[PDB]
């Protein structure tokens, strides 16, 4: 059986090291890789190390350990909420901006602590570990999980045992994402993870610099999926102790906070060497304590944090655009864009919240739609630089004609993008209303719905703008001038 797993991992490494198969064959490849992974997983015994107690049986130890090492442990308690899972709940009133959580550096798991641990020897030799701090943290987690007297045992014993990252989805749950923007990144995550498991399985079972690792006795695919999912859903960037560089870290106790809309209120205090969190809003006793994770899209939250966030005010989709080399005006348009600090082709964003396009995308679309004489006015003479400076400003159009053209283009492009999905908004809403679904399936369906709702909002906005600027052109109103 040891020889059998080694050969299955060899085949998996070869399969997942193959070049990209082409976007049209990525689903086929994904199913093929899943088949190999699931065959390996069913031949293994799950997580190599499991604990006897329930998850909540270990939170008292987490609190004592954090307390002994200088962290805040009063004013909150751990509660298993249905929607978010375990999180923190206030036991007293906490006022907005109050410093209520702090975590000294000695409690953290960092790239630096990974190097100085039992992983150190293999880290010092393996090019991938040295280049990929996130992968290093995952093996740091696994090595300490498998070490009976690890300093971080109270943290590791309170981590979840399962996640809702796409690595855990059923095939049919991922199938809901066919034809979306997000599914390519799900394919990549799966292939990356399986390739990494197969590579490190071989390294650990043969290489001498890994001879002393606790993972030589047992290193299962489930172990690795758990480890990378733990890191991706909760890792943080912090400054190094001298504050000159940045590093990746897991931050115990504070990382139990769940997400809500707002602003980042967690920062590193270099002088006192600890993470510090101030209250994002008022929390009354009995309310869940939330933080704002960051301005990530629902794609990023699903794929990398394992959840979908309703009413994510930072949600967005990608839109790829560029000036065509076949444009008679390419040279002038590319020069205007270069002077404005915008590339000639790029992946932009469409946003759910107003305004749907950024200053950069507005500037791009204005140039994309300029006439030769407008381009000359942005290239020549003593007002050309002033004209460049306003290109991102909605209040100062190049011309009414330019606006009608660019909103007409965006309306048409967003409408076209909507037609490339395998279901409609109305159909997705019917699915969510009329079918009974798992959490994971709902994540996938809400993600594909969300992509389309952003496109549909852009269509409607572009149509309103087009009609506004058409009327200004009909009335030949005087153009605004920036003063």
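Note that the rigid core is defined as the largest set of C-alphas that superpose within 1.5 Å between two forms. Numbering follows the first chain given and starts at 1.
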Open item on the list: For a rigid core alignment of each structure in 6 other deposited structures of this protein onto the shown form, which stretch has the higher root mean square Cα deviation: 406-414 or 168-176?
Closed with: 406-414
TODO: Just give me the stretch that moves more in 6 other deposited structures of this protein: 260-268 or 152-160, judged by RMS C-alpha distance after a core fit.
DONE: 260-268
Open item on the list: Can you check if residue 19 is missing its coordinates in at least one third of the other PDB entries compared, counting only those that model the residues either side of it?
Closed with: no
- [ ] Tell me which of 97-105 and 360-368 has the higher mean C-alpha B-factor in the deposited entry.
- [x] 97-105
Open item on the list: Averaging CA B factors per stretch from the PDB record, which one is higher: 73-81 or 334-342?
Closed with: 334-342
Open item on the list: Given 397, 208, 154, 160, identify the residue with the highest C-alpha B factor in the PDB entry.
Closed with: 208
TODO: Can you pull the Cα B-factors for 42, 419, 435, 452 from the entry and say which is highest?
DONE: 42
Task: Third of chain Cα B-factors occupied by residue 316 - done: middle
Task: residue 403 - Cα temperature factor, lowest/middle/highest third of chain - done: lowest
- [ ] For residue 57, return the chain-relative third of its C-alpha B-factor as stated in the PDB record: lowest, middle or highest.
- [x] lowest
TODO: Using the B-factors in the PDB entry, rank residue 412's C-alpha atom against the chain and give the third, lowest, middle or highest.
DONE: middle
Task: Third of the chain's Cα B-factor distribution that residue 294 belongs to, per the entry - done: middle
